[PDB]
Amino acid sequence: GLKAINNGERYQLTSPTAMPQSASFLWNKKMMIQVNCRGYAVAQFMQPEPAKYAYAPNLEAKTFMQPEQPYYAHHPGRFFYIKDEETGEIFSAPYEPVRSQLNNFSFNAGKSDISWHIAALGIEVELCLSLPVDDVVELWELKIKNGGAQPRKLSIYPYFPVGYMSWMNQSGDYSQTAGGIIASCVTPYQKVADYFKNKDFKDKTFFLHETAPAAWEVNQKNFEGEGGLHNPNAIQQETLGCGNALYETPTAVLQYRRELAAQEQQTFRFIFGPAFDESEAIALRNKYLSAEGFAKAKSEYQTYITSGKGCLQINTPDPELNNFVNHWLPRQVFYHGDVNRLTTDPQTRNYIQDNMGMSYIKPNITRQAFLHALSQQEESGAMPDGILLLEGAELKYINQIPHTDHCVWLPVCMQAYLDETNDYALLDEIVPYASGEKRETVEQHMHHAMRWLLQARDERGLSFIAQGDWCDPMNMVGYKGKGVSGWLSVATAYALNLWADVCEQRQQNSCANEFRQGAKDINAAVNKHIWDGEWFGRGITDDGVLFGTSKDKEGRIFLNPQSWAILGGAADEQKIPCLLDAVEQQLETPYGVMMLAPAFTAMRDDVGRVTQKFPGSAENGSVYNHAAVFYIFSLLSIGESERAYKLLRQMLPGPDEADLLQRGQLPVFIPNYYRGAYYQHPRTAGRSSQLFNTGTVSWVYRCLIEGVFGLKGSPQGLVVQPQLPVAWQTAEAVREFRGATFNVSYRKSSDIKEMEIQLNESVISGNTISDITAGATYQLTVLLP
């Protein structure tokens, strides 16, 4: 079974084998943890760069998670063994490592915690994980209950494997003074500069108990012996051996021996995490490790998640959509803007898009993000590939490879901010540049961004692609300095059209004329060189070849040029239906729209690394949700309401059981992709990446608020412009906007020709609610033809 519980606070899965990859996540200001239904987990924390405290059993590469992450028996996780001392029989919660037959199993994804209920051998177990807001520590609560009529003698053993911490130095032992196990390493390095760099690293891992245990074991190999994780030797004997680890792989295992009466339940608390030293661990113990510590953390964490609850609650005829939108969507948006994916150098397009989502959650965060981002703009007007969030941080990984699209996001996302808040006054704020002494207004920075995009174009009027644009691994189209991007061109025209509107709203008319004419010029160049007859091509290589065309067998059509040609005006009314039909014929699937098709099956070295990913995975033809939502936003922009909704709704798994089993994910987030290459590899199509980091969600939330429900801000107030799917005879939404609340009721009427809007029961003229008082609630009735 799989369903929402607890009035939407949690989502419960009742089989540990039907959806074995399914997972949920938690975060806080400094860490995140992905937890698998069976007990495996991946946890990363910032200090201020990424690090971990629970390691693989080998030397792992520097990495958080892969799409479609595989697990394996020794993968890090969070486990408890229960042993009936009368019979010798054992089981483990949550399910791994023993995989015993259970009488009951529930995995509860929560907004603020992750929990399990399980039962075996007549013993009922509850396990609950949560995080505090501000510190790096896992709070664990274990309940064990004798559900039968006679007393039962049990051994209970937390098993929190620490793994292979370091080839240079790793160890562990029991600390009575800290009250638990302390594992210790030195992070490996060879350069003397790294010694100075690494000085404040939290290289100890603690596992601390509230309740003193009977015994402990810190040596992984001694724990398992010949029995392995299935039947550890240390658990077969009466008492743990109390061994340490001396340049041996450490582990955190405790043992409690209890005789429980009929119906008796006992509670045990633990904290697990990194520390610089034992004094930091004790500080966390004092702060957290108690009933009062746990309550106080949970109450503060609940407040934090509520502060990000967003601005739209819906009640539609689709209860799966209601649950997702009301409970899970705004939390996933909030994660992105509040902690920026836990990188010190967010990719610029990510930083701007994720903060765009915050417009609908905590717009002051958005405001500050524009100011921060623009302070790092180059004197030329160009934006850097990443935004540094800390003094001393550096550009890393893809951020070191020159991409060209970073400026385009500024007006695209600023538009959402200005529509929602009406904070035009942000345009007047003064910000420096990355170098030099110039300090200029936001508005002047934006002008320079748009002049950059106009100047970064070849003699045909098309934008240079260098080693990529929005498609990160599209790196061989323009690496020799001549290749251009189809997508970046049509997006630049959108960006310039939007910014020109803003300039007109601010009386900057020379700017409005310049950027409008730039957009026309680009669109004309697109129509002359990129349009391929039935859709727009993707780019032109360094050697003058147009790809993403009907003459290409693989990569015959890309989604993005089509969406953005719609948005930016390259696609006129005659071209639009060609676009729609080509997308439906070649890209639409039951799991959503693919970003390209057919997927590449071998390297094409005038396009690049994208073509080397497995066909159907990530940018190589997956249902890449962020590309799909740009298409949805484009469809909304031309009133293609039914097509927009159908494709948006495909992004949410369920309720169809085969769909749920095939995607393999809980419906508590949208992943960065569902596997594509639907025609070429149908067996795997739809499978979830399980990756909760995606810029998709800020756009999905925008599309629902402004597009589908049609409750959009303007300089006059709230514009009512719904595009509800025609199947809904009635719907409701509650919209928080500019400090007020709107209780909106939508209803289809036989007796009207045009939409009718009533405010507090009287008919308005026009479609804008203009008198909005902070703290007030308004009743809106929207009758639709």
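For every residue, the number given is its place in the sequence shown, counted from 1.
K.L.:
Averaging the C-alpha B factors as listed in the entry, name the stretch that ends up higher: 507-515 or 362-370.
P.N.:
Comparing averages over the C-alpha atoms only gives 507-515.
K.L.:
Quick check on the record: does 385-393 or 177-185 carry the larger mean Cα temperature factor?
P.N.:
Going by the record's values, the stretch with the higher mean is 385-393.
K.L.:
Quiz for you: based on the deposited Cα B-factor, which of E280, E141, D542, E138 is highest?
P.N.:
Largest recorded C-alpha B-factor: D542.
K.L.:
Of the choices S634, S688, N625, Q101, which one's C-alpha carries the largest B-factor in the record?
P.N.:
Comparing C-alpha B-factors across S634, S688, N625, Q101, the maximum falls on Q101.
K.L.:
Please place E429 in the lowest, middle or highest third of its chain by C-alpha B factor as given in the entry.
P.N.:
Its C-alpha B-factor, which the entry lists for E429, ranks in the lowest third among residues of this chain.
K.L.:
Should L26 be placed in the lowest, middle or highest third of its chain by the C-alpha B factor in the entry?
P.N.:
Bottom third by C-alpha B-factor.
K.L.:
Taking the values exactly as deposited, rank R285 by C-alpha B-factor within its chain and report the matching third: lowest, middle or highest.
P.N.:
Its C-alpha B-factor belongs to the lowest third of this chain's values.
K.L.:
Ranking every modelled residue in this chain by its Cα temperature factor as given in the entry, which third contains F196?
P.N.:
For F196, whose C-alpha B-factor we compare with every modelled residue in the chain, the answer is the highest third.
K.L.:
Using only modelled residues of the chain, where does the Cα B factor of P57 rank: lowest third, middle third or highest third?
P.N.:
Ranked within chain, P57 CA B lands in the lowest tercile.
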